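# Turn this into a model:
(7 chains)
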Amino acid sequence: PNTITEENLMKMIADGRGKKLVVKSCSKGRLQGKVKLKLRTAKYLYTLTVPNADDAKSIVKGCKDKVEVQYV
Amino acid sequence: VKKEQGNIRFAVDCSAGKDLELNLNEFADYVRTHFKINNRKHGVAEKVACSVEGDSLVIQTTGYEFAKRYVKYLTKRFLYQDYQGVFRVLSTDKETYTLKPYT
Amino acid sequence: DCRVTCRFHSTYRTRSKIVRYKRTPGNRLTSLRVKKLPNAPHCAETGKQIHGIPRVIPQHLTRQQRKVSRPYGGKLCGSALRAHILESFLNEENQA
Amino acid sequence: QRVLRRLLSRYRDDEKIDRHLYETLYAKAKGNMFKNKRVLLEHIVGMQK
Amino acid sequence: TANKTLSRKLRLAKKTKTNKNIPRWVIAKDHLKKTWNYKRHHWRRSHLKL
Amino acid sequence: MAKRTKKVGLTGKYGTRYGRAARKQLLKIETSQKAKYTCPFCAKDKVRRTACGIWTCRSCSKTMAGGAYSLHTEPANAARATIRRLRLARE
RNA sequence: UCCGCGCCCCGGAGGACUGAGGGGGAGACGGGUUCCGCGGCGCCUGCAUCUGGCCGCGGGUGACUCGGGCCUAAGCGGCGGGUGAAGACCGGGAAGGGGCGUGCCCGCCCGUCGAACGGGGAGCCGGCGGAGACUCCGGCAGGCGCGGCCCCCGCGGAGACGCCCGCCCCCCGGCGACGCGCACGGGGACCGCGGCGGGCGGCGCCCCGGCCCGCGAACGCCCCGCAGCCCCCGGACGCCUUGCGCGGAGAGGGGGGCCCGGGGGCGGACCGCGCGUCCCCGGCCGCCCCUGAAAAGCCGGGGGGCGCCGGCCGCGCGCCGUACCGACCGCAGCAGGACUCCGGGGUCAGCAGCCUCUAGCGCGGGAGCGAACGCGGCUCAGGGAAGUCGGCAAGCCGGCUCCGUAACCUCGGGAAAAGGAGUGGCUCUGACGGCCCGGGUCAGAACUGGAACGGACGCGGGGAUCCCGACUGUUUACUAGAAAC
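Numbers count the residues shown, from 1 in each chain, chains lettered A, B, ... in the order given. See the structure here:
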C-alpha cells in the first residue's frame, strides 16, 4: 500500500480515477484521535490521516458520490 | 525522569464487603509497616502514605514512583496471613486493582 | 524455540537459497529469501562500476534509470570517454 | 589503537597538535610506546610544552 | 517421491485401486471357494516396480 | 625482532620438513615473487605478481607478461636489448 | 508409579529420559497410500493389547509467483556421409536457414538432449479443516502478456550525474557469472539484562530477588547509509588501517555525485541497554607451477534505418508435481547402513563433556530371588612387574597461571622437554573506555575452612637409546595399516 499525497491527489483520484471505497477509520488504536481515510483503487490502497474530526467531515461530502464511504 | 519521579496514587478495591471480613485499617498497617523504598524501610513514611478510603485502600506518594506490582505483592502477603483461599488481585483499570474473590 | 524449518522446495543451501529471518505480526519467525544482488554495468574499458546504474536487474530498472546521460554512457566511464575523444582528435590531427 | 588515534585525531582537529607532531605521536602509538590514554595525554602535554 | 512423474503416478495408482478383495457377491455368484485375491500386495513387504 | 635468525625468514612456514636445500632455493624464489617490482609505465614499485607469468601494476592497473617469479627474466632482458640494437641497425 | 472402568491404549497426578551434530521440527531420494476419520481384532503387533504403522469401510494431495517445464555443465545423441558379411559402429566439409513481404534482403555448419542442489521474471501476512497450504479463503502486493482508450518525438547541471523512460537491424559491450582463507567492520535474527504493564506459582523463614506474556511481513513512496569509486576548486610530506594502504598520472582541506541484499519515517496495520552466538554483507590483505563453469534470457552503447514511448482502464496467465514417512535399503517391529535445512539456557576456550527450557517421549514383555560363573563397573594392607613371549590390561599424568627448561639440530625445531609452585569461598583495593554512562576481564591483598579447591566433568605419564621409513599422505571392503605404496 502507499500513503496518498494528502488531499491534493486524494480529491482528484476520488473525483476521476477509480476508487472502490473510502474506508474511514476514526481514532484507530487510540494513540491519537486523527481520522484516517483509506481508499482502495485498482493499483493500490491509498491512506491519508486527516488531523481533525472536522477535516474528516470535509472529504466525505466533498467527493464524487460514486466512491462509497463505510465508517469504522 | 528516573530522578524526578512524581506523586502517584495506587488503590485496591477490597470488594469483600466484609462478607469475608477484611479489616482494611489493619490492611493499611500491613502495607504501612512492610513498605520499603529500597531494600531499606528507613524513612518510608515521608515519601509514601497509605490510607483506607471506603471499601478501597489508597497508596499515595509525594516524590516516589513504584511498580503497581508492589501493591500486588503486599496485598498477596497480607492475605497469606489469614484469608489464603480467596482474592485474585486482578487489575481494574490503571491505578486501581480489585481483590476479586475467587471462582 | 525459534527454529524456522525451511522455505525452499529442497533443503540444499546453494547461493540462491540464503534466507533472512524476521518476526511476523502473528509472532512467528519468517524465512524471507535474500535475492542475490545482480551487480551493475561495468565499464568495458577500466572494468570499474559505471555510476548512476542501480544494482538491480535491468529488466525492472526503467529506461531513464538504466541509461547514463552521456555519449557512450553505459559502455565507457567519464574519464575513459575523455581518453577516447582526445585520442581520436589528436590522431586524426596527425594524419591532417 | 582506536582510543589513542581518536584522542590524537580530536587533538589534531582542536589544533592542539601540529600535523608534523601528530604523525610522530601516531607512529609512536603504532609502535606500542604509550600504553594508556593517560600516558599518551602526558606525553602530549610534554610534547607541546 | 513427492516430486513424482504423472506416468509413474498413473501406474502406481492402478496398483492401489487394483489391490482389493473379491466382492462377496462375486464369491457367491461364481461359488469361488478361493476367496483370497493372491494378487493383493502390501506396502511393507511388496516392492512394486522392482 | 629477528624472530628467525637464518634464511628461514620466508621458509619458517615449511617447518622442519622439506630439507635445507629445497628451502634455500625457495628462500630466493619466493622472496622475489612476493616482492613489488617497479612499473615500466607507472614508475612506482607497485607491480605485484597476480599469477605465474602475469604481473600487474597496482597504480596504473596495467597487466604485464613477465617471468614466473620475477617481472623481468635475464634471458628476456638480453633479447629486448638485442632486438632494439638489431632494429636500429636495420634502420 | 498411583488412581480412574483401565489394556502396554487413554486421562489426571508424580517421578525420569532423548539433551538444539536431539528419541525435536522439516525437506531431497527411495518406498506408494503407509496419511486421515470411523469400526473391529480373524491374522500380525516375536509377552500382552481395549493398541497400532494390522484388518474392514469411507475419504484425503487445489499454485500466474514454490518446484518441474526453461537454459546450459560434465556428458549424451544427431548429421551429406565413412566403414564393416552384417548387427552395428564412426563422422562437419555437405545446394543444411531466417525476416518482412509476395518481392527483396540477411546468412557456411544441429540439438524442444542432459541438473525437482547450478542459471532463472515475479508472494507476503492473517485465518480455516479429520486428513494441505508460498497452493485454500480473506487482505494486500509483484511479475509478464493482451485488448480498449488517451497522450505525443527529451530537458537540467560547471562537471561527476540528475530527472518526466522510442523501436528494429548491424556491430561493441554489460548482467547472468561465480576460488580459498586470516583477521576486521556493518546489519539482521537469536540471546541476555533492566524498567514498566498484564497474568501466575511457591511461601517454616526471606522475597519490589521465582516463572510467564507483552507482537508487527511482503511491497509501495520519502529520507539517511561506513567503507569503495568518481567530479569541482586547488596545489602539498601530509592522510590514514587491526593489518594496511595512498598522494604532482594530483594528496590533504573545503564542497558535490554514484553504488551500497541495509536502517528510519509514513503506510501496510511497550521503553531502554548490553555482552556473546549464528547468518549474510563490506573494504582490504594474504595464497597458487592450484587462478577458480556455461548457456537461456535481459539491458545498454555507436552507426544506420524508422517512429515511437508512456498513463489509465479492463482482461488473461494454460500443462505437470504437491498426503505421509521411526514407513528407505539390508529375508525382520534387523544394538546395521542412509544426504541435507533450522539450531535456546547454565558451567565453560568451546558446536567438548555434564545437567536443563521448548518439543518429543516411557522402546521383541513382566515378576521375584539376590548361588556359582560370566559380563561391564569400583575398592584393596605391605610390596611393587618379582607376573608375562612381551608392563597386555589397568594405573599414573592432564585445565589454567607462573617459574624453570638439557643433549641435539637440516637452526625452523627439540619443548607442553625434564622439573616445580599456585588454584575454593567471602571481604575489599587497583588497572582499562565513552561523555555520569558502560565492559567484566586482568592484577594485588586481607580473612576464613577436619592440612581444602581443574573438589563432578573435561583432560599428555615422562626420560635414555637402537633399527627401518625423511615427512603429511595411501594400502589388502571382511584375519597384515606396515619397515609396504
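# Please name the nearest non-neighbouring residue to the most centrally placed residue in chain F.
The centroid of chain F falls nearest to residue F:70 when counting by C-alpha atoms, centre = their mean (2.0 Å). The shortest distance from residue F:70 to any non-neighbouring residue, by C-beta to C-beta, 6 or more residues apart in numbering or on different chains, is to residue F:32 (4.9 Å). C-beta coordinates here come from the backbone N, C-alpha and C atoms, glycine included.
# How about the secondary structure of that neighbour?
Following DSSP: H, G, I helix; E, B strand; the rest coil, we place residue F:32 in the helix state.
# Tell me which residues touch residue C:75, please.
C:43, C:44, C:45 (C-beta atoms under 8 Å, 6 or more residues apart in numbering or on different chains).
# which residue ranges form the helices in chain F?
F:20-34, F:74-89 (DSSP state H).
# Kindly reformat these as a markdown table containing mean neighbour count.
What follows is the helices of chain F, written out as a markdown table (neighbours: other C-beta atoms under 10 Å in any protein chain shown):
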| stretch | mean neighbour count |
| --- | --- |
| helix F:20-34 | 14 |
| helix F:74-89 | 10 |
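# so can I have TSV of these showing distance to RNA strand G?
TSV is the format used below for these (distance: least, C-beta to the nearest atom of the strand, whole Å):
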stretch	distance to RNA strand G
helix F:20-34	4
helix F:74-89	17
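# closest to residue B:51 out of these?
Nearest to residue B:51 among the helices of chain F is helix F:20-34 (85.3 Å), distances taken as C-beta to C-beta.
# got the CA coordinates for that closest one in CSV?
The C-alpha coordinates for helix F:20-34 follow below in CSV (Å, rounded to 0.1, in the frame of the first residue of the first chain):
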residue,chain,number,x,y,z
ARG,F,20,67.7,-27.3,3.8
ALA,F,21,68.5,-27.4,0.0
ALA,F,22,64.8,-27.1,-1.0
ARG,F,23,64.1,-24.3,1.5
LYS,F,24,67.3,-22.5,0.4
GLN,F,25,66.1,-22.4,-3.2
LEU,F,26,62.6,-21.4,-2.1
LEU,F,27,64.0,-18.5,0.0
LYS,F,28,65.3,-16.9,-3.1
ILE,F,29,62.4,-17.8,-5.5
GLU,F,30,59.6,-16.9,-3.1
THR,F,31,61.3,-13.7,-1.9
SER,F,32,61.3,-12.4,-5.5
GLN,F,33,57.7,-13.5,-6.3
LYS,F,34,56.3,-11.7,-3.2
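# What are the contacting residues of that helix?
F:7, F:8, F:9, F:10, F:11, F:14, F:18, F:49, F:68, F:69, F:70.
# got a list of what residue A:44 touches?
Per C-beta under 8 Å, 6+ apart, neighbours of residue A:44: A:1, A:2.
# and if we set it to 10 Å?
A:1, A:2, A:4 (C-beta atoms under 10 Å, 6 or more residues apart in numbering or on different chains).
# Show the buried residues in those residues.
residue A:4 (16 or more other C-beta atoms under 10 Å in any protein chain shown).
# which secondary structure element contains residue C:86?
Residue C:86 belongs to helix C:78-95 when elements are defined using DSSP states H and E.
# contacts for that helix?
Contact with helix C:78-95 is made by C:43-46, C:48, C:50-51, C:68, C:70-73, C:75-77, as judged by C-beta under 10 Å, 6+ apart.
# So which of those reach RNA strand G?
C:44, C:48, C:50, C:51, C:68, C:70, C:71, C:72, C:73, C:75, C:77 (C-beta under 7 Å from any atom of the strand).
# Now the phi/psi pair for the first one, please.
This points to residue C:44. Main-chain torsions, residue C:44, degrees, to the nearest 10: phi -50, psi -50.
# what sits against it?
C:50, C:72, C:74, C:75, C:76, C:77, C:80.
# Of these, select the buried ones using a PyMOL command.
This is how PyMOL selects the buried members of these, with burial counted by 16+ other C-beta under 10 Å:
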select buried, chain C and resi 50+72+74+76+77+80
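# Closest one of the contacts of residue C:44 to residue E:29?
Ranked by distance to residue E:29 (C-beta to C-beta), the contacts of residue C:44 are led by residue C:74 at 82.6 Å.
# Noted, bye for now.
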